[PDB]
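K.L.:
Quick one: the structure is below, and I'll ask about it shortly.
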Amino acid sequence: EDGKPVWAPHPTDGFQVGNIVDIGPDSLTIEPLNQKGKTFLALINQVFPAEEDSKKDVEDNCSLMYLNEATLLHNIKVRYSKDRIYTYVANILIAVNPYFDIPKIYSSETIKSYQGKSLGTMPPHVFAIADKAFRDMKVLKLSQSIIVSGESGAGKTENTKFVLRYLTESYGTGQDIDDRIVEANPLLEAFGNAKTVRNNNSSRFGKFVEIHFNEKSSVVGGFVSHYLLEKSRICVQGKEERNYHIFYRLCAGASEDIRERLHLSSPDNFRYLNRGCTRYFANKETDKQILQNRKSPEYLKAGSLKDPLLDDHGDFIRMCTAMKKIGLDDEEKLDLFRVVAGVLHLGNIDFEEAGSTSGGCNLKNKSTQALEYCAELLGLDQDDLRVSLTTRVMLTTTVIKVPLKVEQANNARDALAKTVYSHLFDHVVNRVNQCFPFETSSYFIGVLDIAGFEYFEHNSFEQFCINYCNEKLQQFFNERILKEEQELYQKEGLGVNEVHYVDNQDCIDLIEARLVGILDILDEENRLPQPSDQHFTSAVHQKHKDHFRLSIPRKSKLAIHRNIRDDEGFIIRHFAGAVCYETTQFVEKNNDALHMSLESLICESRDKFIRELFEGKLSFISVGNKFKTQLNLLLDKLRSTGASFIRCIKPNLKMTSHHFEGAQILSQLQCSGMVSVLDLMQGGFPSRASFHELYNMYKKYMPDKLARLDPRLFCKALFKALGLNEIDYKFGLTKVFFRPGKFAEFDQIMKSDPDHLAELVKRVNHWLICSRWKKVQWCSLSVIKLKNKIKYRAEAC
Amino acid sequence: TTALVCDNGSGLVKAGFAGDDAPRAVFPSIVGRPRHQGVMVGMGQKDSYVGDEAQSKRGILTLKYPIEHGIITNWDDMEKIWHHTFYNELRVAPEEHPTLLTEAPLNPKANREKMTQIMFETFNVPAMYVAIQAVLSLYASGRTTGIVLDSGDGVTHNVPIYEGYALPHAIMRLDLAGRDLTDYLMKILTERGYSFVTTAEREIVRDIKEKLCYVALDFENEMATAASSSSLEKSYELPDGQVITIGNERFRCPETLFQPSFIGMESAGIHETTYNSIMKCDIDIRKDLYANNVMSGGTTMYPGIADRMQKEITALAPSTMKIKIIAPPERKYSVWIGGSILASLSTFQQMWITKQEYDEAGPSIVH
């Protein structure tokens, strides 16, 4: 409406206040409220209606008159300076990290205050989700799941620890399992956590820490499960990225009585480390403790990497302290270093072309002493390993050896490193689960923590599997939100109603459908006698010529993406928008070739620790299918349990206390799927206010007679007086529900003509006396029917 | 944004932004469809390969130059040249830059209109202009007077310009050099028993036309020493391992530029077309057309030019007249360095034909 404030797109704050002083077909001439005369232009989809009272905050976001992402951004801007870091959006908890310890919130008196209290009546906190998940376990007769997203530094580690604290305090009577995850956190900071372009410490796996509950409601055990891993990162990294952190912390923290036994050298030597960044994280004090022979030329030129918490020299010490606490001796700790060092001496093995004698490939002469120092770490013979890295062993039933091509041997040598390190991380997790064996199993409350929608300027194959994992989790997110709203309307007595659902199945079919999907073409290209990346890119727009979820790079508005040639990349639209991916090295990173001749050699090792790691047809196997198959084992498990979605917000780039950046927070609202769920709720009734809320707001505008009434009869009389439309306004059980922009329309009816409103209250005065009679008459008949129940029941005792 | 100078070569299409060094993309203009059936199953094959890829895939395609005798074969193939050039070589969208395009002098109407019109609707450039390749070579050499030579495979031209006005009455277009020199070389290499008749193989002929050929000081005296036992032969090596030894024909092929009677065509040599265009200009101006004779185009890069041209002109020209023939290095990129200087200057920004003005005016604005 005219004259009414709208939100305006301001680059430094996301949205600010502003008014509309001219308009065109597609654009609005926006004049800011605080900066008059600045008068810019904005499009129809870039403006949002603002509320009249903007100085107030709400605990529950369904109490807003205008529910959008600009009024959600202003609600968590006001709450940030009131130190209210938790915010209730239906079944979604929005938690904002303050980087400081707030008083009394983690208190045990606070924990027993929340215990058993109804929902929504207590202030938002993370203990109000954990108490709800215990009650929607035992009552429901179904297991539960807490889903934690967000980027690194957003508080997703700290929110996980408060969940496990509440279960071993409020309901668990004893069981000290809570901090055994926390105490062996540096093991997963080495093995699983790596370095990405926008994050220094990022988890690259689906952490599923589950807590077993028995039928008697006691904590009987826990279990840690892991899903996904970046197979490519193990052997080849991007620009300025690192590999996993155990390949830097072992290099930085190793002593010289360990270096003589593992034959370690500086990272420049090793091909699985020199591709990316070789620099260590350190501080001034630990920079003095790093030995000269551990330093690479890049380390000499550019020095240590700066982080306030990461220290690759000092956290190797706090890793080996944690291996003493968890359950590992020094001999078993050394065997977890012999496997890591064997991977480093595998990547330097090169393959030339054979001298016409029987076809195939042979090893290079510069790779001879490098094989001798690697085969004793793997427990195998150097003459048998040379055959196994060059031949395809089969039978004619004699057993023949048929040599492989040069490119197939480079892919098979890196496939051994993507198999040994894959089973090594599964051995670390299984060893940790044997340090706290569960007593029994029945019901479970687990925490799924994984990285959010993460993307860079030029996206890789590693980020393609992350954004594909978040799209499938976005499908299940909106599926659980629609089910909660349909059983809210029924619970308030409004019954069933039609709501429009948004589908993303066409984006899923684009990526993973049989024969036509992007991952299906990628796995087929490996089978060709000559694989290409130009043939892969052209095949995507061969089979998918139409569709809106996919375009050419030149169609993008961004200049950087317009420099990409047609056969060098593609743009795939996801829930968080249009994300471009380049296709160079995509097939190479997907191609894995672990075959019989090498799979049945590392299992046959003379070393015993190596055989413990590994517990015709198919040759090259299906590599692009393992990423779909492993994810389906988690999605159907999430469908079998309840869900508790906790979205974690990072408020500023520096990660320092009391700083709000609305050009970085708004980007995480649109990359969390929060804005998508607010679009869904416009289809229903997004604005709802309890009877006590509408009594505190509107009693001053009413006559003194109407003001004397109780909140439910005050609202019932007010709804009847005005004569409101039944499809727009709905009278619930504890709340009044509204269609979009009709709580706002309601607020203007109360601010309109006092004499007209007084006359409508006069006209409903007979009905109001009759309603107030029947209220006390049927309440006295209620006490008499409960007196007749006490007698009827005690007649059968 | 930065303006883009894209030269409609006869060769050898040339492309690079405005200023200040050298072209970014140069490639042989060829489009080639695959003449044999594929059996690989990928399939992985393109519908039409452009250069450079069509010069790496010789012998399985049928090479077709899209511009022949100074005029384009069809705009269906020409659009693919343009699309390939902007997108997969230069990596730029036409909506980002005002462009500068080139043409050939004495080219039939309505082929500048149809070009301009199609390019505005297909590529949606915000502004454009079309300059003849010969005029641009004045700027490249830093001259303001002289006769300008745009000589590419297979149309040469002779345009006289005087400080700083052009003379319409003396403009000469010869369809003589260089693609007919390529065809003639193939006809006198068959005389030594090497059969290169096929379209792909014709490119190899073009490559030996570049590297091994030379111009004589005097034909008759080079022919005399050819009859002698002393070797003029140079040995070329061929992709299939063959060794080709050419001698006599080595100086015969370029000499055609001074004697077209070798091809049997009636037209007169560069020698005489230079003189006869000068002697179609007014008396006072003739004085400064001599000594501003500027050669341009890649087909003038033979070693014996310009000092053959010099000796021949000095013999026909009036006695005691100062004659210097200007031939710098890099003549193949002369045109591009010309265009670069032009499009950077004020006020020529306002000489460009912009889209709104073109939309109102239509094809009649061109001239």
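By the numbers in Swiss-Prot, the shown part of chain B spans 7-373.
Method reported for this entry: electron microscopy, 4.6 Å.
Note: Cβ is positioned from N, Cα and C throughout, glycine not excepted.
Sequence annotations record features per position, and here Swiss-Prot assigns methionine (R)-sulfoxide to B:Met46, B:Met49 based on similarity to another entry. For B:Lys63, the entry in Swiss-Prot reads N6-malonyllysine, with the evidence type similarity to another entry. The tele-methylhistidine feature in Swiss-Prot is assigned to B:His75; the stated evidence is experimental evidence. For B:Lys86, the entry in Swiss-Prot reads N6-methyllysine, with the evidence type similarity to another entry. Per Swiss-Prot, ADP-ribosylarginine is recorded for B:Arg179. According to Swiss-Prot, the region 'Interaction with alpha-actinin' annotation covers B:112-125, B:360-372.
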K.L.:
For the region 'Interaction with alpha-actinin' (B:112-125), could you work out the same-chain residues 6 or more beyond its ends whose Cβ comes under 8 Å from its Cβ atoms?
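P.N.:
Sequence-remote neighbours of the region 'Interaction with alpha-actinin' (B:112-125) are 76-78, 81, 85, 88, 131, 134, 136, 163, 177, 179, 359, 364, 369, 372.
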K.L.:
Between the Cα atoms of the residue listed as 'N6-malonyllysine' and B:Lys86 (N6-methyllysine), find the distance and write it as a whole number of Å.
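P.N.:
Cα to Cα, the residue listed as 'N6-malonyllysine' and B:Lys86 (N6-methyllysine) are separated by 18 Å.
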K.L.:
For the modified residues B:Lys63, B:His75, B:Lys86, B:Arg179, work out the Cβ neighbour count at 10 Å and name the residue with the minimum.
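P.N.:
Lowest Cβ count within 10 Å among the modified residues (B:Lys63, B:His75, B:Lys86, B:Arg179) is B:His75.
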K.L.:
At the level of the C-alpha atoms, what whole-angstrom distance separates B:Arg179 (ADP-ribosylarginine) and B:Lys86 (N6-methyllysine)?
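P.N.:
Given the Cα positions, B:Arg179 (ADP-ribosylarginine) is 28 Å from B:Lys86 (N6-methyllysine).
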K.L.:
For the residue listed as 'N6-methyllysine', which DSSP three-state class applies?
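P.N.:
Helix, per DSSP.
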K.L.:
According to DSSP, does B:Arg179 (ADP-ribosylarginine) fall in a helix, a strand, or coil?
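P.N.:
Assignment for B:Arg179 (ADP-ribosylarginine) reads strand.
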K.L.:
How many neighbouring Cβ atoms, not counting its own, are there within 10 Å of the Cβ of B:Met49 (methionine (R)-sulfoxide)?
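P.N.:
A count of 12.
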K.L.:
Spatially, which candidate from the modified residues B:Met46, B:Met49, B:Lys86 is nearest to the residue listed as 'tele-methylhistidine', comparing Cα atoms?
P.N.:
B:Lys86
K.L.:
Which chain-mates of B:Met46 (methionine (R)-sulfoxide) that are at least 6 residues away have a CB under 8 A from its CB, listed by sequence?
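P.N.:
Sequence-distant Cβ neighbours: none.
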K.L.:
Quick check for the class: what is the C-alpha distance, in angstrom and rounded, between B:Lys86 (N6-methyllysine) and B:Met49 (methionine (R)-sulfoxide)?
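P.N.:
Cα of B:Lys86 (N6-methyllysine) to Cα of B:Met49 (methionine (R)-sulfoxide) measures 21 Å after rounding.
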K.L.:
Going by DSSP assignments with H, G and I as helix and E and B as strand, what are the residue counts for the region 'Interaction with alpha-actinin' (B:360-372)?
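P.N.:
When I sort the residues of the region 'Interaction with alpha-actinin' (B:360-372) into the three classes, I find 11 helix, 1 strand, 1 coil.
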